[PDB]
């Protein structure tokens, strides 16, 4: 199944959910420390919320809400696994979507 990467940010003056990569494998550089991201692999029962260390509280809350909205918007089941990852606390399964993950 093919995953999609979204950015959750209010850096534009309003809270926006935008597509940053249509298909995996993704590049690690796509994850910006100042924002939050949603990695949607809902067709394979998995969504990840990634929270940049420099993302603000509004963005962090919006990213959590957005993961839940995806279940309704894309008609994913209630049993969809949602993983919540702070920047630096990423799991091997999350890293697996990236062609060039380099640990800091």
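Numbering follows the first chain given and starts at 1.
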Mind pulling up the entry and telling me whether 69 to 77 or 47 to 55 has the higher mean Cα temperature factor? 69 to 77
Looking only at C-alpha temperature factors in the entry, 35 to 43 or 22 to 30, the higher average sits in 22 to 30
Largest Cα B-factor, entry values, listed residues 15, 85, 82, 93: 93
Going by the recorded CA B-factors, say which third of the chain residue 97 sits in, lowest, middle or highest. middle
